[PDB]
4 protein chains.
Amino acid sequence: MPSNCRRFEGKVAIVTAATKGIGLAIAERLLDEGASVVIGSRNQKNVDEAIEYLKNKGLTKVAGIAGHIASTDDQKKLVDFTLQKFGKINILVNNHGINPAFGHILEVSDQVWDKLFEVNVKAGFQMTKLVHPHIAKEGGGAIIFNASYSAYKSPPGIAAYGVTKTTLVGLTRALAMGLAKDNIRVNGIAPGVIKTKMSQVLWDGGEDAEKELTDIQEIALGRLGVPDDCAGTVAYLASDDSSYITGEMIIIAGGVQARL
Amino acid sequence: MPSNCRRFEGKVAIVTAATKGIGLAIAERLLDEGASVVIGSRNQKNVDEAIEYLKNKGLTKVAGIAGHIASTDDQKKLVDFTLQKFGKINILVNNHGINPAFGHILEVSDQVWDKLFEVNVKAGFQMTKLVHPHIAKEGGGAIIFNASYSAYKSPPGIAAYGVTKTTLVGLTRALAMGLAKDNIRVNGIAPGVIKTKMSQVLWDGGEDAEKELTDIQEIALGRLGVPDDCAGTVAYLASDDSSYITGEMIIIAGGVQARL
Amino acid sequence: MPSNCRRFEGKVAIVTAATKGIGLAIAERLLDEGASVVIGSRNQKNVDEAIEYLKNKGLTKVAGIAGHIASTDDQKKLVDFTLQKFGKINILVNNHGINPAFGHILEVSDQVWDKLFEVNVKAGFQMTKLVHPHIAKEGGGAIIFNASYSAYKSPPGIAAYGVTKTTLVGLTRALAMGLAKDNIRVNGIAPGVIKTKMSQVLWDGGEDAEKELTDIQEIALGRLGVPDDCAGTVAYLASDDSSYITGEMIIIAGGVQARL
Amino acid sequence: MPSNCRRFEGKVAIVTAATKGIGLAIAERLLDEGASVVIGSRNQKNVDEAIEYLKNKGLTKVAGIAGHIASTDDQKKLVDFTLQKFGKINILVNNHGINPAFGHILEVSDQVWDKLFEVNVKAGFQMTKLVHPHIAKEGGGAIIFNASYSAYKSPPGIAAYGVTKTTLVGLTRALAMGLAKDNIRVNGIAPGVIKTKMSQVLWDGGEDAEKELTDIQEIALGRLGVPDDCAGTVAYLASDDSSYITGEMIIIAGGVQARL
Ligand SMILES: NC(=O)c1ccc[n+]([C@@H]2O[C@H](COP(=O)([O-])OP(=O)(O)OC[C@H]3O[C@@H](n4cnc5c(N)ncnc54)[C@H](OP(=O)(O)O)[C@@H]3O)[C@@H](O)[C@H]2O)c1
Ligand SMILES: NC(=O)c1ccc[n+]([C@@H]2O[C@H](COP(=O)([O-])OP(=O)(O)OC[C@H]3O[C@@H](n4cnc5c(N)ncnc54)[C@H](OP(=O)(O)O)[C@@H]3O)[C@@H](O)[C@H]2O)c1
Ligand SMILES: NC(=O)c1ccc[n+]([C@@H]2O[C@H](COP(=O)([O-])OP(=O)(O)OC[C@H]3O[C@@H](n4cnc5c(N)ncnc54)[C@H](OP(=O)(O)O)[C@@H]3O)[C@@H](O)[C@H]2O)c1
Ligand SMILES: NC(=O)c1ccc[n+]([C@@H]2O[C@H](COP(=O)([O-])OP(=O)(O)OC[C@H]3O[C@@H](n4cnc5c(N)ncnc54)[C@H](OP(=O)(O)O)[C@@H]3O)[C@@H](O)[C@H]2O)c1
Ligand SMILES: O=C1Nc2ccccc2C1=O
Ligand SMILES: O=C1Nc2ccccc2C1=O
Ligand SMILES: O=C1Nc2ccccc2C1=O
Ligand SMILES: O=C1Nc2ccccc2C1=O
């Protein structure tokens with residue numbers, strides 16, 4: 001698990017929606033590598049539990065602020081809080097996304113459609129616009145989007161959600177092309193089924209949904225992912241180990257095929 | 001030009017935003033192949049001129065209705081008008097899209113962002129939901145989305161527009177997967193620079209912008225596209241000549257490379 | 001059904017390996033649209049039977065020559081035979097491909113590896129080099145490669161074959177970029193499971209084994225392909241309906257997902 | 001800079017063609033992270049100079065063997081030499097590739113065509129077959145292919161080389177799917193223009209010819225690559241930081257666009 005990598009000493013990262021699951025694993029890895037990290041999520045109780053969990057592991061250069069990531073008020077509070085705590089921003093990890101609908105795409109109301117894009121796409125664009133001048137001031141940095149393997153392979157039941165993740169592939173690229181002038185690299189991850197609360201539904205009940213879903217999605221490595229399976233990639237994408245990489249998506253899905 | 005193809009006798013198609021350019025060329029080709037076609041656009045004057053142009057060529061199985069494609073009132077009027085005129089719907093070509101912004105993606109306001117998705121993505125989803133039961137009643141049919149090569153290669157100046165076209169690649173796929181049960185095939189085109197009013201800006205002033213832009217985009221075939229360059233593909237995708245093809249995008253850009 | 005399309009009057013096409021299955025369906029469609037066609041395959045008896053099958057349908061502008069498509073002697077003879085019979089070449093359809101191996105990729109001998117590339121890739125490159133000056137002399141034309149959906153989704157059992165089909169995606173593109181100067185458009189089809197002798201092992205077992213295979217393969221349209229499912233696309237790709245399209249692959253797999 | 005990463009203590013890697021350029025940078029990075037590495041190339045003098053360069057930096061867990069990577073005799077000797085020196089193999093980096101041709105694809109002789117595939121593809125397949133039982137014996141490991149961004153964007157002048165790199169995208173995938181059972185992850189890098197002897201023709205001309213090339217190549221980050229730009233990615237792909245990732249290609253081209 002430990003890499004002795006210390007690629008983030010003197011860096012400040014915001015990780016949105018990072019009190020559980022993938023976002024929390026990302027924050028932990030950045031802290032392990034020397035970063036200062038601000039995490040956010042809606043519920044102060046989750047912020048508190050996450051901060052405690054991290055500080056119990058000796059990861060103390062972390063602060064947390066509760067807010068709704070699609071609230072323009074709360075977006076500004078998150079960015080300003082980061083500047084107040086640590087004085088600068090180098091890295092933004094847009095990890096937020098909602099998956100509330102489950103059903104046929106024809107049954108997605110216009111309201112739910114707009115809400116999916118508001119939280120899953122627009123809020124990441126808004127957060128990028130807010131952090132941009134601060135990252136640019138440091139001479140550059142990194143922005144990472146957490147999309148989904150469903151961006152490439154449209155899934156049943158949550159297809160509208162999948163479309164918003166396709167959108168993030170394009171948004172990642174567009175911001176990469178537009179922010180290169182500021183030496184800000186924009187990349188993304190596209191995780192497969194990761195065992196978190198959002199995907200609990202699918203794989204509920206041990207091996208039965210954890211063994212058929214395994215080879216129903218066609219996962220070559222024969223297991224579902226865990227949150228930490230995303231952290232090494234985000235750390236790599238935010239570090240100088242990827243200094244010549246921008247605009248790219250890395251699929252983290254155990255070998256499931258959906259593009260060349 | 002004439003193909004003697006008559007693949008659409010007894011079929012009814014809606015082509016949105018089809019009084020000029022690509023949409024009008026699509027409607028003309030479907031009419032040439034025996035279809036009944038309803039065209040729409042915002043301005044009644046454009047509807048009138050398009051209907052006249054078509055009827056002067058002997059293409060008389062066409063009707064037109066003016067409306068804003070992002071108005072839910074006007075969407076219902078367009079679909080109901082088609083059912084009133086021709087009794088059924090077999091084919092929907094979502095050709096509408098706006099490109100009002102020009103500038104850096106960081107300067108796209110949240111309002112313009114939402115408007116781009118409302119017209120370029122949501123309205124096509126809304127039109128699909130409206131026509132779906134009618135196409136399904138005929139035993140199946142075709143829905144075609146006009147995306148853009150900029151869905152794959154993020155362009156300068158109109159990057160936000162490009163992201164909405166990336167979205168349509170995903171929406172095309174999602175609807176293909178969800179509407180297969182009704183034998184409704186959903187595919188798209190992704191045209192490069194086509195010489196229309198929307199792209200007049202770029203290639204203005206004869207060969208100078210029509211010869212440098214030619215090999216500034218890197219077009220292997222050494223010329224810009226024209227609206228009719230899209231019609232053969234849409235006709236193919238809506239016909240039984242593509243009866244085993246769904247969920248796919250065809251790039252119509254004269255050999256510009258942006259995916260494998 | 002007929003399309004009544006007649007897009008190929010006065011045109012000459014070579015279709016390789018076209019005495020059965022997909023190649024024969026392609027040849028038949030071009031002949032139906034007015035073309036003169038030369039077909040070939042190894043076995044003179046298959047040539048005879050194909051020619052008689054076609055001529056019995058009134059498709060008499062056809063001629064056949066037996067040869068091995070990877071033999072440089074036979075390649076020259078096929079091209080010269082076409083020029084002698086019909087005076088020119090406008091269109092080459094590289095339909096040929098073999099898959100003798102079935103098993104794990106690690107058990108593919110170096111010899112079988114090289115043979116797969118010799119027939120499935122090199123022979124299409126060689127045929128392209130031979131026809132090129134003749135197509136260029138007519139002011140341009142079309143070359144179509146029959147790859148496979150396994151070019152994008154690596155299959156079990158025939159993975160090495162799949163790699164040769166990935167190669168053809170690249171070769172189609174490389175030739176498109178290099179022959180644009182001559183107005184020769186190079187595109188490809190990437191069929192899914194098409195019911196022919198080559199794929200019989202997968203789908204033989206009655207219409208229930210097929211229905212099972214469509215669910216395993218995740219074919220949205222719920223059926224296997226047939227050879228004619230490819231013919232309309234090749235005709236479209238070889239016609240002026242695709243005159244602004246080069247370097248592209250069209251997946252013909254009933255909605256199986258393997259790229260955006 | 002250092003990363004201080006130490007992810008490879010007790011691991012053994014083979015890096016092919018690794019006495020200059022990208023391969024040497026990869027070997028150096030693995031050694032810096034604690035690995036034992038075997039490097040090879042044709043010329044004993046280059047092996048000597050690479051070994052001395054490394055040992056002068058204190059990287060002494062390295063050994064070298066001269067051989068031709070497409071020689072089955074030399075392939076066996078390279079693998080057996082690694083086992084004799086270090087007892088095991090965990091990691092194979094297939095870095096080798098040649099491009100002797102420059103010109104139009106139509107002028108590539110059949111012989112040069114076959115030689116391109118022999119070195120650039122077949123030798124990596126052969127090396128994979130040789131190392132596989134040894135990596136599998138360790139409970140799994142990693143194989144990395146160095147393809148090229150020209151696998152996705154067909155280049156002028158070296159199109160045939162580009163096709164061999166498209167092949168490697170497919171081969172990486174096929175091997176990923178087939179070696180998953182052994183917990184062997186197979187991934188690839190697809191570098192853009194990296195400043196090495198191989199690419200010198202393109203970028204030699206001073207830091208103004210380079211700046212010009214970055215604009216022609218449309219490199220968002222505005223500079224050419226260097227060998228170390230590849231090393232962090234290979235190390236990441238070979239480490240447990242990518243333990244849920246197999247079958248993927250990472251483009252390392254400073255933001256040049258050629259797939260979604
Ligand atoms: N797990 C998977 O299968 C999977 C696969 C592909 C992609 N992803 C992506 O990974 C990301 C994280 O998913 P996860 O599975 O790790 O979820 P998770 O374990 O349920 O974590 C959710 C986190 O998001 C926070 N959150 C939820 N809504 C929020 C809002 N409106 N504003 C701010 N924070 C919010 C939650 O805290 P509060 O409740 O306190 O707000 C919590 O910290 C998502 O973008 C998802 O699309 C997940
Ligand atoms: N030309 C290109 O370079 C290019 C490249 C890639 C993709 N595309 C796509 O092709 C499609 C058509 O573009 P085009 O270049 O052919 O445009 P165009 O020639 O300017 O045609 C525009 C058509 O859309 C109608 N329209 C505009 N806004 C509308 C609205 N809100 N509701 C209903 N109709 C509306 C116009 O009529 P009214 O003014 O009367 O409404 C007209 O009929 C678009 O989706 C575009 O994104 C174009
Ligand atoms: N069926 C599928 O599921 C499927 C899917 C994707 C792609 N494809 C591709 O479709 C193409 C055609 O295959 P098919 O499925 O139509 O097979 P098929 O029905 O078995 O027909 C194969 C044809 O190729 C000829 N042939 C075989 N070896 C030859 C050689 N060395 N030289 C010249 N002709 C030769 C055969 O005739 P002779 O025996 O007389 O030579 C026969 O006419 C292939 O490239 C294949 O890879 C097939
Ligand atoms: N540079 C670029 O722009 C670029 C871009 C994309 C991909 N790549 C890929 O990067 C890889 C490495 O190339 P590079 O740019 O680092 O080239 P480089 O700096 O010229 O190094 C090439 C290395 O390969 C060795 N080599 C050449 N032929 C060999 C053979 N038959 N057997 C064993 N070793 C051999 C050479 O040593 P000896 O002379 O002693 O054999 C040398 O150590 C290649 O696969 C290339 O296709 C390069
Ligand atoms: O996009 C997704 N595809 C998935 C498949 C399984 C579990 C979760 C998800 C996603 O969030
Ligand atoms: O998406 C687009 N990319 C373009 C390039 C040139 C002209 C028009 C367009 C588009 O509409
Ligand atoms: O698509 C394919 N289906 C197949 C069945 C058997 C052998 C090869 C193939 C293909 O390439
Ligand atoms: O990316 C590349 N840049 C190059 C320059 C010269 C030769 C080959 C290549 C590549 O594959």
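Just so we're on the same page: letters track the sequence lines, and every chain starts at 1. Order of appearance sets the numbers: ligands from 1, and atoms from 1 within every ligand.
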**Message:** With a 4.0 Å heavy-atom cut-off, what residues sit around ligand 7?
**Reply:** C:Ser148, C:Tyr149, C:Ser150, C:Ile158, C:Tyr161, C:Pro191, C:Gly192, C:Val193, C:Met198, C:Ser199, C:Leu202
**Message:** Looking at A:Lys153 and C:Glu218, is there a salt bridge between them, counting it only when a charged N and a carboxylate O are closer than 4.0 Å?
**Reply:** yes
**Request:** Verify, without hydrogens or angle tests, whether C:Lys165 (side chain) and C:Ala147 (backbone) share a donor-acceptor contact under 3.5 angstrom.
**Result:** yes
**Fill in**
What one should report as the nearest heavy-atom pair of C:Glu210 and C:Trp203 is CG-O, 3.5 Å
**Request:** Spell out, as yes or no, whether a donor-acceptor pair under 3.5 Å connects the side chain of D:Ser199 to the backbone of D:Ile194.
**Result:** yes
**Message:** Using a 3.5 Å distance criterion without hydrogens, assess whether the side chain of C:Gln217 forms a donor-acceptor pair with backbone atoms of C:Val256.
**Reply:** no
**Message:** Can you tell me how the ring of D:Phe117 sits relative to the ring of C:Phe117, calling it parallel under 30°, perpendicular over 60° and tilted otherwise?
**Reply:** tilted
**Asked** Counting N and O atoms only, with roles assigned by atom type, does the side chain of C:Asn187 sit under 3.5 Å from a partner on the main chain of C:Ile144, one being a donor and the other an acceptor?
**Response** no
**Request:** Would you confirm whether D:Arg259, through its side chain, and D:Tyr152, through its main-chain N or O, come within 3.5 Å as a donor-acceptor pair?
**Result:** no
**Item:** Protein residues that have a heavy atom under 4.0 Å from any atom of ligand 3, sorted by chain and number
**Value:** C:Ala17, C:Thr19, C:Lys20, C:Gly21, C:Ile22, C:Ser41, C:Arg42, C:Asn43, C:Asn46, C:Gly67, C:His68, C:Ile69, C:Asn95, C:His96, C:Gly97, C:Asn146, C:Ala147, C:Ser148, C:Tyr161, C:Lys165, C:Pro191, C:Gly192, C:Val193, C:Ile194, C:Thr196, C:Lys197, C:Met198, C:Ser199
**Prompt:** Is it true that a side-chain atom of B:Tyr244 and a backbone atom of C:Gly225 form a donor plus acceptor pair closer than 3.5 Å?
**Reply:** yes
